[PDB]
$ cat work-v4.cif   # mmCIF, C-alpha atoms and all ligand atoms
data_coords
#
loop_
_atom_site.label_atom_id
_atom_site.label_comp_id
_atom_site.auth_asym_id
_atom_site.auth_seq_id
_atom_site.Cartn_x
_atom_site.Cartn_y
_atom_site.Cartn_z
CA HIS A 1 -5.73 -20.65 -2.70
CA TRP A 2 -9.35 -19.94 -1.77
CA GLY A 3 -11.75 -18.40 -4.25
CA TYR A 4 -15.30 -18.78 -5.52
CA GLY A 5 -14.74 -21.29 -8.31
CA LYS A 6 -15.65 -24.97 -8.49
CA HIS A 7 -12.24 -26.08 -7.22
CA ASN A 8 -11.49 -23.51 -4.48
CA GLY A 9 -14.93 -22.17 -3.52
CA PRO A 10 -17.18 -22.30 -0.38
CA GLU A 11 -17.41 -26.13 -0.45
CA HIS A 12 -13.61 -26.36 -0.20
CA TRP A 13 -12.88 -23.72 2.46
CA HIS A 14 -13.34 -26.09 5.42
CA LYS A 15 -10.13 -28.00 4.57
CA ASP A 16 -7.87 -24.97 5.26
CA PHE A 17 -10.28 -23.23 7.63
CA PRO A 18 -12.04 -25.90 9.79
CA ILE A 19 -14.17 -23.16 11.39
CA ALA A 20 -16.14 -23.11 8.08
CA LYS A 21 -18.31 -25.78 9.74
CA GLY A 22 -18.44 -23.97 13.13
CA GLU A 23 -21.36 -22.97 15.35
CA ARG A 24 -21.75 -19.31 14.31
CA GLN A 25 -20.98 -19.09 10.57
CA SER A 26 -22.20 -16.40 8.14
CA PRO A 27 -24.10 -15.58 6.08
CA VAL A 28 -27.51 -16.98 7.05
CA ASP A 29 -31.05 -16.94 5.75
CA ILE A 30 -33.14 -14.38 7.64
CA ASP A 31 -36.49 -16.02 8.29
CA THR A 32 -38.58 -12.90 8.96
CA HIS A 33 -41.36 -14.85 10.68
CA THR A 34 -38.88 -16.61 13.01
CA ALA A 35 -37.01 -13.38 13.87
CA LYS A 36 -38.19 -11.85 17.17
CA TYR A 37 -38.57 -8.14 17.93
CA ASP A 38 -36.15 -7.25 20.75
CA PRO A 39 -37.14 -4.42 23.12
CA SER A 40 -33.72 -4.48 24.91
CA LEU A 41 -32.08 -3.23 21.67
CA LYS A 42 -31.02 0.43 21.94
CA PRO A 43 -31.35 2.77 18.94
CA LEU A 44 -28.72 2.20 16.21
CA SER A 45 -26.24 5.03 15.81
CA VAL A 46 -24.31 5.40 12.55
CA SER A 47 -21.90 8.35 12.78
CA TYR A 48 -20.10 8.79 9.48
CA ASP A 49 -19.89 12.63 9.25
CA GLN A 50 -16.14 12.77 9.97
CA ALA A 51 -15.31 9.70 7.83
CA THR A 52 -11.89 9.69 6.16
CA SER A 53 -11.57 7.37 3.14
CA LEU A 54 -8.07 6.77 1.82
CA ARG A 55 -7.88 4.17 -0.86
CA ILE A 56 -9.64 1.51 -2.95
CA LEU A 57 -8.03 -1.92 -3.48
CA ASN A 58 -8.83 -4.92 -5.66
CA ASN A 59 -7.84 -7.77 -3.35
CA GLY A 60 -8.59 -10.58 -5.81
CA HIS A 61 -11.96 -11.44 -4.30
CA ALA A 62 -13.70 -8.07 -4.01
CA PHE A 63 -12.67 -4.42 -3.71
CA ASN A 64 -12.19 -2.67 -0.37
CA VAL A 65 -12.72 1.04 0.18
CA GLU A 66 -10.39 1.69 3.13
CA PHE A 67 -10.73 4.38 5.81
CA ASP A 68 -8.45 6.03 8.38
CA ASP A 69 -9.34 4.28 11.64
CA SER A 70 -6.67 5.89 13.88
CA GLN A 71 -9.33 8.04 15.64
CA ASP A 72 -13.12 7.85 16.24
CA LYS A 73 -14.15 9.50 12.94
CA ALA A 74 -16.75 7.10 11.55
CA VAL A 75 -18.33 4.91 14.22
CA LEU A 76 -21.18 2.47 14.77
CA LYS A 77 -22.80 2.17 18.19
CA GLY A 78 -26.12 1.31 19.86
CA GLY A 79 -28.41 -1.49 18.69
CA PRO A 80 -27.00 -4.81 19.92
CA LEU A 81 -23.54 -3.28 20.40
CA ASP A 82 -21.76 -2.39 23.63
CA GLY A 83 -19.14 0.32 23.16
CA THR A 84 -17.75 1.82 19.95
CA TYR A 85 -16.92 0.17 16.65
CA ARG A 86 -14.78 2.04 14.11
CA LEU A 87 -15.26 1.83 10.35
CA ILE A 88 -12.17 0.33 8.70
CA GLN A 89 -13.43 -0.58 5.20
CA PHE A 90 -16.42 -1.39 3.04
CA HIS A 91 -16.88 -3.81 0.16
CA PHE A 92 -19.61 -5.65 -1.73
CA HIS A 93 -20.53 -9.15 -2.82
CA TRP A 94 -22.44 -9.43 -6.11
CA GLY A 95 -23.65 -11.90 -8.73
CA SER A 96 -23.24 -12.72 -12.41
CA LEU A 97 -27.00 -12.10 -12.70
CA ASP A 98 -29.43 -9.71 -10.95
CA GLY A 99 -31.24 -12.67 -9.32
CA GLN A 100 -28.23 -13.58 -7.15
CA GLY A 101 -25.30 -11.91 -5.42
CA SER A 102 -26.20 -11.21 -1.80
CA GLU A 103 -24.76 -13.35 0.99
CA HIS A 104 -27.62 -12.93 3.45
CA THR A 105 -31.01 -13.94 2.14
CA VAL A 106 -34.43 -12.80 3.33
CA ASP A 107 -37.00 -15.62 3.40
CA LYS A 108 -34.66 -17.35 0.89
CA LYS A 109 -34.74 -14.27 -1.40
CA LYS A 110 -31.35 -13.38 -2.95
CA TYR A 111 -30.62 -9.73 -3.80
CA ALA A 112 -28.37 -8.53 -6.64
CA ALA A 113 -25.60 -7.50 -4.25
CA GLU A 114 -24.74 -6.84 -0.62
CA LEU A 115 -22.68 -4.03 0.90
CA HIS A 116 -20.61 -4.73 4.03
CA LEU A 117 -19.41 -1.80 6.16
CA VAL A 118 -16.82 -3.37 8.42
CA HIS A 119 -16.23 -2.02 11.97
CA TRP A 120 -13.88 -3.08 14.83
CA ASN A 121 -14.40 -2.80 18.59
CA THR A 122 -12.19 0.06 19.83
CA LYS A 123 -11.49 -1.69 23.30
CA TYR A 124 -9.28 -4.12 21.34
CA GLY A 125 -6.88 -1.48 19.99
CA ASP A 126 -6.73 -2.62 16.36
CA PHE A 127 -8.49 -4.76 13.75
CA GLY A 128 -5.96 -7.63 14.06
CA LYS A 129 -6.67 -8.03 17.78
CA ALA A 130 -10.46 -7.54 17.40
CA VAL A 131 -10.67 -10.56 15.06
CA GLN A 132 -9.40 -12.73 17.93
CA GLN A 133 -12.46 -11.79 19.98
CA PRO A 134 -16.08 -13.02 20.00
CA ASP A 135 -17.31 -9.38 19.89
CA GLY A 136 -14.41 -7.92 17.93
CA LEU A 137 -16.29 -6.87 14.83
CA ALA A 138 -19.57 -5.37 13.70
CA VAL A 139 -20.55 -5.55 10.04
CA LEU A 140 -23.47 -3.44 8.80
CA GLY A 141 -24.97 -5.25 5.81
CA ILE A 142 -27.09 -3.52 3.20
CA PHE A 143 -28.88 -5.25 0.34
CA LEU A 144 -28.65 -3.92 -3.20
CA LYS A 145 -31.46 -4.33 -5.70
CA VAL A 146 -31.53 -3.22 -9.33
CA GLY A 147 -33.67 -0.21 -10.18
CA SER A 148 -32.83 3.49 -9.94
CA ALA A 149 -29.17 4.58 -9.74
CA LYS A 150 -27.61 5.26 -6.34
CA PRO A 151 -25.91 8.67 -6.74
CA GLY A 152 -23.74 8.04 -3.67
CA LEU A 153 -22.31 4.93 -5.34
CA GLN A 154 -21.15 6.53 -8.60
CA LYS A 155 -17.75 7.74 -7.35
CA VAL A 156 -17.04 4.09 -6.50
CA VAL A 157 -18.31 2.86 -9.88
CA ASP A 158 -16.16 5.33 -11.82
CA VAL A 159 -12.84 4.37 -10.23
CA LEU A 160 -13.23 0.60 -10.88
CA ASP A 161 -11.52 1.05 -14.26
CA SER A 162 -8.36 1.96 -12.30
CA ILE A 163 -8.34 -1.21 -10.17
CA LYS A 164 -9.41 -3.82 -12.72
CA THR A 165 -7.09 -6.60 -11.55
CA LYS A 166 -5.84 -8.22 -8.33
CA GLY A 167 -3.44 -6.08 -6.26
CA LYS A 168 -4.29 -2.79 -8.00
CA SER A 169 -5.18 0.17 -5.81
CA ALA A 170 -6.25 3.79 -6.30
CA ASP A 171 -6.42 6.97 -4.26
CA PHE A 172 -9.97 7.29 -2.97
CA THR A 173 -10.05 10.23 -0.58
CA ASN A 174 -13.10 12.30 0.49
CA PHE A 175 -15.63 9.56 -0.20
CA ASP A 176 -18.73 9.88 2.01
CA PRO A 177 -20.19 6.49 3.06
CA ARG A 178 -23.47 8.21 4.08
CA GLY A 179 -24.55 8.26 0.42
CA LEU A 180 -24.76 4.45 0.49
CA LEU A 181 -27.36 4.20 3.27
CA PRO A 182 -31.10 3.57 2.87
CA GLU A 183 -33.63 5.83 4.67
CA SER A 184 -34.57 3.40 7.46
CA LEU A 185 -32.11 1.88 9.92
CA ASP A 186 -34.55 -0.98 10.77
CA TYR A 187 -32.40 -4.13 11.02
CA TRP A 188 -32.00 -7.77 11.93
CA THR A 189 -29.10 -8.82 14.19
CA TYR A 190 -27.36 -12.12 15.02
CA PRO A 191 -23.89 -13.35 16.13
CA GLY A 192 -21.80 -14.69 13.25
CA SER A 193 -18.56 -14.73 11.34
CA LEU A 194 -16.50 -13.29 8.52
CA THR A 195 -18.04 -14.60 5.27
CA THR A 196 -14.61 -15.14 3.65
CA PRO A 197 -11.61 -17.02 4.94
CA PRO A 198 -10.34 -16.95 7.67
CA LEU A 199 -14.10 -17.16 8.57
CA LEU A 200 -13.38 -16.08 12.17
CA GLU A 201 -16.44 -16.06 14.42
CA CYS A 202 -15.98 -12.47 15.63
CA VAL A 203 -18.90 -10.56 14.04
CA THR A 204 -22.08 -8.98 15.34
CA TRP A 205 -24.09 -8.82 12.12
CA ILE A 206 -26.46 -5.91 11.66
CA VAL A 207 -28.42 -6.36 8.43
CA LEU A 208 -30.70 -3.53 7.34
CA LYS A 209 -34.24 -4.41 6.29
CA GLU A 210 -34.45 -1.66 3.64
CA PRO A 211 -32.39 -2.34 0.50
CA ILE A 212 -30.78 0.36 -1.61
CA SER A 213 -31.41 0.52 -5.33
CA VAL A 214 -28.56 0.64 -7.86
CA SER A 215 -28.88 0.91 -11.64
CA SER A 216 -28.27 -1.90 -14.09
CA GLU A 217 -25.26 0.03 -15.47
CA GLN A 218 -23.75 0.48 -11.98
CA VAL A 219 -23.92 -3.30 -11.27
CA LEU A 220 -22.66 -4.03 -14.80
CA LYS A 221 -19.42 -2.16 -14.00
CA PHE A 222 -18.93 -4.29 -10.83
CA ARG A 223 -19.04 -7.34 -13.15
CA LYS A 224 -16.19 -5.98 -15.36
CA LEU A 225 -13.71 -6.33 -12.50
CA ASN A 226 -11.19 -9.21 -12.54
CA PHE A 227 -10.36 -11.86 -9.89
CA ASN A 228 -6.98 -12.39 -11.61
CA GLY A 229 -3.89 -10.20 -11.57
CA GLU A 230 -2.73 -8.17 -14.58
CA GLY A 231 -1.37 -10.23 -17.50
CA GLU A 232 -3.11 -13.40 -16.34
CA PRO A 233 -6.09 -15.09 -18.03
CA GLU A 234 -9.25 -13.04 -17.40
CA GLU A 235 -11.68 -14.36 -14.80
CA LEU A 236 -14.58 -11.95 -14.32
CA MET A 237 -15.09 -10.90 -10.70
CA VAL A 238 -18.67 -12.16 -10.26
CA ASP A 239 -20.50 -14.43 -7.83
CA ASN A 240 -18.11 -13.58 -4.98
CA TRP A 241 -20.74 -14.48 -2.35
CA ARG A 242 -20.84 -17.36 0.16
CA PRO A 243 -24.23 -19.08 0.37
CA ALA A 244 -26.37 -19.23 3.53
CA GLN A 245 -25.00 -21.38 6.37
CA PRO A 246 -26.83 -23.36 9.11
CA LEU A 247 -28.33 -21.15 11.82
CA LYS A 248 -27.64 -23.80 14.49
CA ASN A 249 -29.75 -22.66 17.46
CA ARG A 250 -28.90 -18.93 17.16
CA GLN A 251 -31.73 -16.41 17.34
CA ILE A 252 -32.02 -13.54 14.86
CA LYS A 253 -33.44 -10.43 16.52
CA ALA A 254 -35.40 -7.62 14.86
CA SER A 255 -35.12 -3.92 15.77
CA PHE A 256 -38.69 -3.28 14.59
CA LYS A 257 -42.17 -4.54 15.57
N1 LIG A 301 -17.41 -10.36 4.21
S1 LIG A 301 -17.06 -9.84 5.68
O1 LIG A 301 -17.45 -10.83 6.65
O2 LIG A 301 -17.72 -8.59 5.92
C1 LIG A 301 -15.45 -9.63 5.76
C2 LIG A 301 -14.87 -8.56 6.45
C3 LIG A 301 -13.48 -8.39 6.49
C4 LIG A 301 -12.64 -9.30 5.85
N2 LIG A 301 -11.23 -9.18 5.87
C5 LIG A 301 -10.51 -9.86 6.94
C6 LIG A 301 -9.20 -10.34 6.33
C7 LIG A 301 -8.26 -9.19 5.98
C8 LIG A 301 -8.95 -8.00 5.30
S2 LIG A 301 -10.47 -8.44 4.76
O3 LIG A 301 -11.21 -7.31 4.23
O4 LIG A 301 -10.30 -9.35 3.65
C9 LIG A 301 -13.20 -10.37 5.15
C10 LIG A 301 -14.59 -10.54 5.12
HG HG A 302 -13.42 -14.30 17.16
ZN ZN A 303 -18.32 -9.08 3.01
#
$ encode --input "work-v4.cif" --output "C-alpha cells" --more "lines below"
Ligand SMILES: NS(=O)(=O)c1ccc(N2CCCCS2(=O)=O)cc1
Ligand SMILES: [Hg+2]
Ligand SMILES: [Zn+2]
Amino acid sequence: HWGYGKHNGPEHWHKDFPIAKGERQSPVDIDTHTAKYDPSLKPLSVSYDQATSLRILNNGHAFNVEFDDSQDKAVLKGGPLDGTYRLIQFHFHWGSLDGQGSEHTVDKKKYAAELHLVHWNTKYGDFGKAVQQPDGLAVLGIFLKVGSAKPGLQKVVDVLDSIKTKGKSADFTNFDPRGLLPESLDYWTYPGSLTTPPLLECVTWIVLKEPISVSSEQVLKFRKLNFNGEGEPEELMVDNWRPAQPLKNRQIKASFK
C-alpha cells in the first residue's frame, strides 16, 4: 500500500488514485509575487476556545490528534469560506532534515514541518460526506521552522513515546489547539486537495504566512516515530510530505496587501 518510500511514494500514487494527476492537486508552491491580494476576502475567524480533543493515533503515515466534532466547539469561518467548518483532527508532515518537511513551499522554500488543522463543512453532516464535495473541507496550514521551542506543542511531543508504531493510540484529552497558532492570521488561499491518498479534490487551503518556531529537540522526537507496526522492522517516520504539484491555472489569493 501507499507510503513515502521509493516503491510506494508520491510518484506511484496515481496508479491507485488517478486523481493524483488531477486539476486541483495539493500541495503547491506559493509564488508570493504571483499571489494577488483579495479585497472580497472576509476576516478569518478561528474559534478554538471550546475545543474538545479526545485521542492521538499513529496511522502509519503521520499522527492525528482527534477532536469531538459532534457540535460546533472548534470552528473555522470567514476568509474564503462560506458557512462553518468544524475541526476534526490535526497532524503534521515533517522531514528527515531541518531543510525539508513542509508540503507547501513559499517561493520554493521548504520549511522543517507543516501543521494541518483539518475542518469539514457542517452543511454536509459528517466528514465522510464532506469529502465527496468540492467545498467539503478546509485545511489551515501552518509552517514550522526550527528555533525556539513552542510551549503549546510540548504536550504533543511528550505523548509520542506512547504511540511509537502504526495503529497505536493514546488518550489525549484537554489539549488546546490555540497554543499552536502564530500571532498573525495573514494567509494565502487556493482550491486544492487532500495531500495523501485518496487525494480527493475537496479542500479550501488556507496557509498562514507566519510560521511557528519549534525547537530542535521537539522536531527530533517527531523523527523517532515509526511508519511500521510493532514487532516489524523499524522504518523511521520521516519525510512524510508530498512535493509541490502543478498549479494548473488556479490563482492563489492573499489576505494581506
Ligand atoms: N494532509 S491533508 O490534506 O490535510 C489530509 C487531511 C485528512 C486526511 N485523511 C482523510 C482520510 C481518512 C483520515 S485522514 O486523516 O487520513 C488525509 C490528508
Ligand atoms: Hg471533493
Ligand atoms: Zn496533511
$ closest_residue --input "work-v4.cif" --among "A:10, A:140, A:41, A:212" --to "residue 112 in chain A" --atoms "all atoms listed in the file"
A:212
$ closest_residue --input "work-v4.cif" --among "A:218, A:89, A:154, A:133" --to "residue 57 in chain A" --atoms "only C-alpha atoms"
A:89
$ residues_near_ligand --input "work-v4.cif" --ligand "ligand ZN 303 (chain A)" --cutoff "12 Å" --atoms "all atoms listed in the file" --output "ChimeraX atom specification"
/A:26-27,61-65,89-94,101-104,113-119,138-143,193-197,199,203,205,207,240-243
$ residues_near_ligand --input "work-v4.cif" --ligand "ligand HG 302 (chain A)" --cutoff "8 Å" --atoms "all atoms listed in the file" --output "count of residues only"
12
$ atom_distance --input "work-v4.cif" --atom1 "CA of residue 58 in chain A" --atom2 "CA of residue 165 in chain A"
6.4 Å
$ atom_distance --input "work-v4.cif" --atom1 "CA of residue 122 in chain A" --atom2 "atom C1 of ligand LIG 301 (chain A)"
17.4 Å
$ residues_near_point --input "work-v4.cif" --point "(-34.0, 3.2, -13.0)" --cutoff "10 Å" --atoms "only C-alpha atoms" --output "list in words"
residues 146, 147, 148, 149, 150, 213, 214, 215, 216 and 217 of chain A
$ atom_distance --input "work-v4.cif" --atom1 "CA of residue 69 in chain A" --atom2 "CA of residue 53 in chain A"
9.3 Å
$ decode --input "work-v4.cif" --residues "range 45-151 of chain A" --atoms "C-alpha atoms" --output "PDB file, in the first residue's frame"
ATOM      1  CA  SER A  45     -12.211  33.515  12.254  1.00  0.00           C
ATOM      2  CA  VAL A  46     -10.556  30.702  14.213  1.00  0.00           C
ATOM      3  CA  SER A  47     -12.728  29.734  17.199  1.00  0.00           C
ATOM      4  CA  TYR A  48     -10.993  27.039  19.223  1.00  0.00           C
ATOM      5  CA  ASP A  49     -11.939  28.068  22.805  1.00  0.00           C
ATOM      6  CA  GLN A  50     -14.415  25.201  23.303  1.00  0.00           C
ATOM      7  CA  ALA A  51     -12.225  22.607  21.525  1.00  0.00           C
ATOM      8  CA  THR A  52     -12.515  19.018  22.768  1.00  0.00           C
ATOM      9  CA  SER A  53      -9.542  16.774  21.933  1.00  0.00           C
ATOM     10  CA  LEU A  54     -10.004  13.060  22.521  1.00  0.00           C
ATOM     11  CA  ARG A  55      -7.169  10.952  21.275  1.00  0.00           C
ATOM     12  CA  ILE A  56      -3.857  10.729  19.398  1.00  0.00           C
ATOM     13  CA  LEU A  57      -3.286   7.986  16.799  1.00  0.00           C
ATOM     14  CA  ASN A  58      -0.279   6.797  14.817  1.00  0.00           C
ATOM     15  CA  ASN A  59      -1.907   5.898  11.496  1.00  0.00           C
ATOM     16  CA  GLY A  60       1.259   4.617   9.808  1.00  0.00           C
ATOM     17  CA  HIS A  61       1.896   7.807   7.856  1.00  0.00           C
ATOM     18  CA  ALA A  62       1.601  10.543  10.478  1.00  0.00           C
ATOM     19  CA  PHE A  63      -0.144  11.018  13.820  1.00  0.00           C
ATOM     20  CA  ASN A  64      -3.618  12.519  14.166  1.00  0.00           C
ATOM     21  CA  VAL A  65      -4.820  14.439  17.195  1.00  0.00           C
ATOM     22  CA  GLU A  66      -8.577  13.841  17.021  1.00  0.00           C
ATOM     23  CA  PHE A  67     -11.360  16.099  18.319  1.00  0.00           C
ATOM     24  CA  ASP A  68     -15.045  15.725  19.189  1.00  0.00           C
ATOM     25  CA  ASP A  69     -16.843  17.185  16.165  1.00  0.00           C
ATOM     26  CA  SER A  70     -20.442  16.334  17.194  1.00  0.00           C
ATOM     27  CA  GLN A  71     -21.178  20.028  17.964  1.00  0.00           C
ATOM     28  CA  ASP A  72     -19.766  23.433  16.900  1.00  0.00           C
ATOM     29  CA  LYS A  73     -16.969  23.567  19.516  1.00  0.00           C
ATOM     30  CA  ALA A  74     -13.894  24.427  17.455  1.00  0.00           C
ATOM     31  CA  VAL A  75     -14.740  26.093  14.147  1.00  0.00           C
ATOM     32  CA  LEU A  76     -13.141  27.913  11.238  1.00  0.00           C
ATOM     33  CA  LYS A  77     -15.097  30.554   9.330  1.00  0.00           C
ATOM     34  CA  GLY A  78     -14.622  33.752   7.317  1.00  0.00           C
ATOM     35  CA  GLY A  79     -11.776  34.304   4.857  1.00  0.00           C
ATOM     36  CA  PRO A  80     -12.586  32.460   1.619  1.00  0.00           C
ATOM     37  CA  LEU A  81     -15.098  30.212   3.415  1.00  0.00           C
ATOM     38  CA  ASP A  82     -18.888  30.271   3.242  1.00  0.00           C
ATOM     39  CA  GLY A  83     -20.515  28.762   6.330  1.00  0.00           C
ATOM     40  CA  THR A  84     -18.941  26.818   9.196  1.00  0.00           C
ATOM     41  CA  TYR A  85     -16.171  24.248   9.155  1.00  0.00           C
ATOM     42  CA  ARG A  86     -15.616  22.045  12.225  1.00  0.00           C
ATOM     43  CA  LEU A  87     -12.208  20.897  13.443  1.00  0.00           C
ATOM     44  CA  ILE A  88     -11.950  17.101  13.274  1.00  0.00           C
ATOM     45  CA  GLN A  89      -8.189  16.484  13.629  1.00  0.00           C
ATOM     46  CA  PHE A  90      -4.712  17.912  13.231  1.00  0.00           C
ATOM     47  CA  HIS A  91      -1.450  16.348  12.114  1.00  0.00           C
ATOM     48  CA  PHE A  92       1.955  17.313  10.730  1.00  0.00           C
ATOM     49  CA  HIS A  93       4.257  16.485   7.850  1.00  0.00           C
ATOM     50  CA  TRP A  94       7.989  16.720   8.559  1.00  0.00           C
ATOM     51  CA  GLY A  95      11.418  15.878   7.166  1.00  0.00           C
ATOM     52  CA  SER A  96      14.489  13.800   7.956  1.00  0.00           C
ATOM     53  CA  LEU A  97      16.412  17.098   7.979  1.00  0.00           C
ATOM     54  CA  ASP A  98      15.504  20.680   9.021  1.00  0.00           C
ATOM     55  CA  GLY A  99      15.842  21.869   5.394  1.00  0.00           C
ATOM     56  CA  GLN A 100      12.813  19.847   4.233  1.00  0.00           C
ATOM     57  CA  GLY A 101       9.491  18.590   5.560  1.00  0.00           C
ATOM     58  CA  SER A 102       6.740  21.026   4.596  1.00  0.00           C
ATOM     59  CA  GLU A 103       4.308  20.182   1.816  1.00  0.00           C
ATOM     60  CA  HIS A 104       3.549  23.734   0.719  1.00  0.00           C
ATOM     61  CA  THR A 105       6.577  25.766  -0.259  1.00  0.00           C
ATOM     62  CA  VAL A 106       6.961  29.546  -0.291  1.00  0.00           C
ATOM     63  CA  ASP A 107       8.923  30.820  -3.310  1.00  0.00           C
ATOM     64  CA  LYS A 108      10.318  27.243  -3.470  1.00  0.00           C
ATOM     65  CA  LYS A 109      11.427  27.442   0.204  1.00  0.00           C
ATOM     66  CA  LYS A 110      10.814  24.242   2.208  1.00  0.00           C
ATOM     67  CA  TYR A 111      10.165  24.514   5.957  1.00  0.00           C
ATOM     68  CA  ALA A 112      11.100  21.877   8.555  1.00  0.00           C
ATOM     69  CA  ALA A 113       7.483  20.802   9.019  1.00  0.00           C
ATOM     70  CA  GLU A 114       3.867  21.734   8.328  1.00  0.00           C
ATOM     71  CA  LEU A 115       0.837  21.518  10.616  1.00  0.00           C
ATOM     72  CA  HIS A 116      -2.581  20.753   9.099  1.00  0.00           C
ATOM     73  CA  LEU A 117      -5.717  21.562  11.106  1.00  0.00           C
ATOM     74  CA  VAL A 118      -8.443  19.716   9.245  1.00  0.00           C
ATOM     75  CA  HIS A 119     -12.041  21.063   9.155  1.00  0.00           C
ATOM     76  CA  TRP A 120     -15.275  19.828   7.480  1.00  0.00           C
ATOM     77  CA  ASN A 121     -18.210  21.858   6.146  1.00  0.00           C
ATOM     78  CA  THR A 122     -21.088  21.427   8.613  1.00  0.00           C
ATOM     79  CA  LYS A 123     -23.839  21.606   5.785  1.00  0.00           C
ATOM     80  CA  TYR A 124     -22.641  18.128   4.758  1.00  0.00           C
ATOM     81  CA  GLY A 125     -23.413  16.437   8.090  1.00  0.00           C
ATOM     82  CA  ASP A 126     -20.170  14.484   8.521  1.00  0.00           C
ATOM     83  CA  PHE A 127     -16.563  14.232   7.322  1.00  0.00           C
ATOM     84  CA  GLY A 128     -17.287  11.225   5.058  1.00  0.00           C
ATOM     85  CA  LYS A 129     -19.919  13.162   3.093  1.00  0.00           C
ATOM     86  CA  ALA A 130     -17.874  16.415   3.035  1.00  0.00           C
ATOM     87  CA  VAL A 131     -15.025  14.649   1.198  1.00  0.00           C
ATOM     88  CA  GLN A 132     -17.437  13.963  -1.676  1.00  0.00           C
ATOM     89  CA  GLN A 133     -17.885  17.710  -2.176  1.00  0.00           C
ATOM     90  CA  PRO A 134     -15.796  20.391  -3.919  1.00  0.00           C
ATOM     91  CA  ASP A 135     -16.085  22.627  -0.801  1.00  0.00           C
ATOM     92  CA  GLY A 136     -16.282  19.870   1.791  1.00  0.00           C
ATOM     93  CA  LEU A 137     -13.063  20.610   3.645  1.00  0.00           C
ATOM     94  CA  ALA A 138     -10.926  23.471   4.870  1.00  0.00           C
ATOM     95  CA  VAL A 139      -7.367  22.801   5.993  1.00  0.00           C
ATOM     96  CA  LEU A 140      -5.474  25.509   7.875  1.00  0.00           C
ATOM     97  CA  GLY A 141      -1.778  25.001   7.171  1.00  0.00           C
ATOM     98  CA  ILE A 142       0.964  26.369   9.402  1.00  0.00           C
ATOM     99  CA  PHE A 143       4.673  26.177   8.658  1.00  0.00           C
ATOM    100  CA  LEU A 144       7.139  25.028  11.302  1.00  0.00           C
ATOM    101  CA  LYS A 145      10.697  26.303  11.435  1.00  0.00           C
ATOM    102  CA  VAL A 146      13.441  25.305  13.861  1.00  0.00           C
ATOM    103  CA  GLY A 147      14.382  27.813  16.543  1.00  0.00           C
ATOM    104  CA  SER A 148      12.770  28.444  19.929  1.00  0.00           C
ATOM    105  CA  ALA A 149      10.520  25.771  21.466  1.00  0.00           C
ATOM    106  CA  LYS A 150       6.755  26.010  21.002  1.00  0.00           C
ATOM    107  CA  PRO A 151       5.328  25.553  24.531  1.00  0.00           C
TER     108      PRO A 151
END
